[PDB]
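Cβ sites come from the backbone with ideal geometry, for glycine too, and all protein chains shown count toward neighbours. All of the numbers you see were taken from the coordinates with simple rules; none came from a lab.
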Amino acid sequence: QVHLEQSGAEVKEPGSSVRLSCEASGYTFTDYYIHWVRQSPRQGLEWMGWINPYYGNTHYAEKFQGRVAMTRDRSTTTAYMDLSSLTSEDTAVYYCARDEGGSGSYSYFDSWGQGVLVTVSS
Amino acid sequence: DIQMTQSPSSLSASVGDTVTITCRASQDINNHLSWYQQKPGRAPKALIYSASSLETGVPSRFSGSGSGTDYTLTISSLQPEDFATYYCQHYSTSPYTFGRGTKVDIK
Amino acid sequence: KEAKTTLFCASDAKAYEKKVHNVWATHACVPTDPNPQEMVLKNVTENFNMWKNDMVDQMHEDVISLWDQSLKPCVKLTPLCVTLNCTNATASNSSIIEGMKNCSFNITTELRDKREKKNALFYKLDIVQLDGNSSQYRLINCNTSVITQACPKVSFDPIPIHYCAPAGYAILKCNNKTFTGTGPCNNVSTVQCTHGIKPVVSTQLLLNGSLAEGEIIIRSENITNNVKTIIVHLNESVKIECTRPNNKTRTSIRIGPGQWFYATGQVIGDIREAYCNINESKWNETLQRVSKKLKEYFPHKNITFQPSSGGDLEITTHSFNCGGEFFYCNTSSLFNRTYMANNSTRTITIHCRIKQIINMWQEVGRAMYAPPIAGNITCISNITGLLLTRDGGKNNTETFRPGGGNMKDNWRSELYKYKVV
Ligand SMILES: *[C@@H]1O[C@H](CO)[C@@H](O)[C@H](O)[C@H]1NC(C)=O
């Protein structure tokens, strides 16, 4: 009965940032991790990073280091993602992910959200 | 970094028969592997994980096998809502990397 | 046969002579039942799973609920979250000019004067610059959750709490000490109530814990999976001393009807931050033994230790409490060692910043103010366990860093033995 919900998005300008928010329900939010993945044509499913919702510690990707920022909010049980300094190849759909094996051995993530398009144009 | 290759993107198939799909890795990924079933317009769902153990609600049509640097999935007597794309993901270590995906289509 | 149920709490024959009913509740009506008997049983083997057990959530929920319900009859601090005009014109020390001394506010006090100029001393991390000039400041916690002063009656020590199962239920702690808590154990010592677990909160370290059997051990999920949170227990206890050297002035500003709020006056004595000492030889031998036993878990490549990454104050610091004050120690230089693959001298010291207002827990809920205390404070304890966390790179060095990222990892180091049947 676990559910991930994220809303829509609109067009942004290059050189700017974009705000993405996801919320979780059903299971207790502080006991697994939240992952971010990206789908686009002509590319694969490139890994973005993962966030601990209880603490502030995160882990990033070496391709995307410095251009992304992460934020947990345990009051509203939300995960916030900030891609910054957009480039024309980043027009893509974005997905959240609930991981399993919380504080143990994280192996495979199962519960995914709806996924939202983001498109950059000047 | 860890790079995978798969079968070619098109596999011929017929309703109610067997389908063998496979993907190869480049380094030691032990059994830290999982698969996903991508349907267009819908976020995909894991169906097999760790090459042996299935997830609840997913039937016994998807049998995973293999070890080392190549892994296989056999589909026995398939129904029409397995005509979608399949991705294989390693979770050995490091930033992750996904496969390119092969579709299942009717000739 | 295992099942899901709710246990209760018990205590020893020690009772509050100060009669602090609020914290006395920890043992107010909980039966002492101080008759711990042991039994031995044979022909039992079963896959124990400490990660997926049942009573750790029970422990976490009752600890957090006790911490919340210990503050309901106390005073509400809410009419203090106002504008803070803090000037810092003078400087007894150079590190005081950033929002600490004579931080004044216009307060309507007990004597019905609307705009009294009353000042206080505050800590620079505990205060935030409001979006404008630097002449005004704001409390970092009342933006998020409602702040509540702690009463003098809720002064806390770790009581060695005891869990007892009800009628029709039993608990089993496997005798095998080497048991990693994930797999088939052996001949079972059976009790009705476990040994005492003290509800101490800590990050990256275990203090006032329980010792090992004679050598150190490494426990976690089956190595078949990619283990991340590793709890390491040690056989050699290492003493740690943490101290603050400054006497403090305690002043009273009446903000509630008929009750008191306590604030910080002036600092008495030569001023320094908190500081902690670790014996170098025991620490070096401890990390040497931890590396040389952690090698056989991963017998292929090098292992190394790294300080924790950022994100908030708790993961970046060793966070604990002593004397009713919360301490955040750096601890970055304690985990910079790197090893190779294929008895007290020259003591090491670490800085440690102190805190007053903590966000505490239950962000759907309240938050804590800690009143100050006077006199130089020394706090001595023993460290027993580590909460390191594993990451792997593309190179041949497996990195570890202090962490765990849950309070449930603190309880799970001593509650791994028990399940309910
Ligand atoms: C600990 O001290 C080192 C010394 O430079 C510093 O780099 C690090 O940021 C400090 N960490 C904290 C949490 O104060």
Seminar exercise, completed: Stokes-Einstein, Kirkwood over Cα pairs, the stretch C:108-186, 10 °C, 1.306 mPa s; D in µm²/s equals 80 µm²/s
Problem set entry | Sites C:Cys142 and C:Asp54, calculated FRET efficiency, Cβ-Cβ separation with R0 45 Å, nearest 0.05 | 0.75
Problem set entry | For the stretch A:30-40, 3J(HN,Hα) per residue [Karplus equation, 6.51 cos²θ - 1.76 cosθ + 1.60, θ = phi - 60°, Hz, x = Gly/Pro] | 8, 10, 10, 10, 10, 10, 10, 10, 9, 10, 7
Exercise. Regarding the stretch A:3-101, what whole-number volume in Å³ per residue does the convex hull of its Cα atoms give?
Worked result: 111 Å³
For this session: Return the distance in nm (one decimal) between the two label points of a simple spin-label model at C:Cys193 and C:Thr32, each offset 7 Å from Cα along Cα→Cβ.
Result: 1.0 nm
Exercise. In deg cm²/dmol and to the nearest 500, what is the mean residue ellipticity at 222 nm of chain C if only DSSP H runs of at least 4 residues count, each as -39500 (n - 2.57), divided by the residue total?
Worked result: -2500 deg cm²/dmol
For this session: Taking the Cβ of C:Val20 as the centre, find all other residues whose Cβ is under 15 Å away and add up their charges (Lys, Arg: +1; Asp, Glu: -1).
Result: +3
For this session: Tell me the label-point distance for the pair C:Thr178, C:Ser135, using the 7 Å Cα-to-Cβ offset, in nm and rounded to one decimal.
Result: 7.3 nm
Exercise. Of B:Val19, C:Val421, how do they rank once you tally other Cβ atoms within 10 Å and put the fewest first?
Worked result: C:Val421, B:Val19
Seminar exercise, completed: If unit charges are put on Cβ atoms (+1 for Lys and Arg, -1 for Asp and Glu) and the dipole of the protein assembly as shown is taken about its Cα centre, the option from C:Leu77, C:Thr32, A:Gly49 lying farthest towards the positive end turns out to be C:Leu77
Seminar exercise, completed: Using alpha-carbon coordinates alone, the radius of gyration and Dmax of the stretch C:16-168 in Å work out to 24.2, 77
Exercise. If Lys and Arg each add +1 and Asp and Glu each add -1, what is the summed charge of the other residues whose beta carbon sits under 13 Å from the beta carbon of A:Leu117?
Worked result: 0
Exercise. Taking the Cβ of C:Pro152 as the center, what net charge do the other residues with Cβ under 12 Å away carry, scoring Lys and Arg +1 and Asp and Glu -1?
Worked result: +3
For this session: Compute the separation of the alpha-carbon centres of the stretch B:83-107 and the stretch A:8-87 and state it in Å as a whole number.
Result: 22 Å
Problem set entry | Under the Karplus curve 6.51 cos²θ - 1.76 cosθ + 1.60, θ = phi - 60°, whole-Hz ³J(HN,Hα) for the stretch C:160-170, x wherever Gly or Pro sits | x, 5, 10, 9, 10, 7, x, 5, x, 10, 9
Exercise. Over chain C, what is the percentage of antiparallel beta bridges among all DSSP beta bridges, to the nearest 5?
Worked result: 90 percent
Problem set entry | the stretch C:1-96, relative contact order [Cα under 8 Å, separation at least 6], % | 24 percent
Exercise. Counting alpha carbon pairs within less than 8 Å and at least 6 residues apart, what relative contact order, in whole percent, applies to the stretch B:1-105?
Worked result: 37 percent
Problem set entry | Computed FRET value (nearest 0.05) for C:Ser155 with B:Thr18, which takes r as the C-beta separation and R₀ as 60 Å | 0.25
Problem set entry | Dipole moment magnitude, nearest 20 debye, chain B about Cα centre, only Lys, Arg, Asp, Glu C-beta charged | 260 debye
Exercise. Per 10 Å bin from zero, what fraction in whole % of the C-alpha pairs of the protein assembly as shown is there, up to the bin with the longest pair?
Worked result: 3, 13, 21, 24, 20, 12, 5, 2, 0
For this session: Give the longest segment of chain A that steers clear of GluC sites (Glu not before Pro) in DSSP loops with at most 13 neighbouring Cβ atoms within 10 Å, not counting the sites themselves.
Result: A:63-122
Exercise. What is the dipole size for the stretch A:3-101, taken about its Cα centre, with +1 at each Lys and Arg Cβ and -1 at each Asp and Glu Cβ, in debye to the nearest 20?
Worked result: 120 debye
Exercise. Shape of the stretch C:159-270 from its Cα gyration tensor (a ≥ b ≥ c, root eigenvalues): rounded if a/c is under 1.5, otherwise prolate when a/b > b/c, or oblate?
Worked result: prolate
Exercise. How high is the FRET efficiency from C:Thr45 to B:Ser65, r the C-beta distance, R0 35 Å, rounded to 0.05?
Worked result: 0.70
Exercise. Which shape class, rounded, prolate or oblate, goes with chain C when its Cα gyration tensor gives a ≥ b ≥ c as root eigenvalues, a/c under 1.5 marks rounded, and past that a/b bigger than b/c marks prolate?
Worked result: oblate
Exercise. Over the stretch A:3-101, what relative contact order in percent results from Cα pairs under 8 Å that are six or more residues apart?
Worked result: 36 percent
Exercise. Considering only C:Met55, C:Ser155, C:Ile255, whose Cα is most displaced toward the positive end of the charge dipole of the protein assembly as shown, charges sitting on Cβ of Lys, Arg (+1) and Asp, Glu (-1)?
Worked result: C:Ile255
For this session: Would you work out the charge dipole size for the stretch A:44-122 about its Cα centre, treating the Cβ of every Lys and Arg as +1 and the Cβ of every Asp and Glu as -1, and quote it to the nearest 20 debye?
Result: 200 debye
Seminar exercise, completed: B:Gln27 and C:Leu125 label points (each 7 Å along its Cα→Cβ direction) are spaced in nm at 3.6 nm
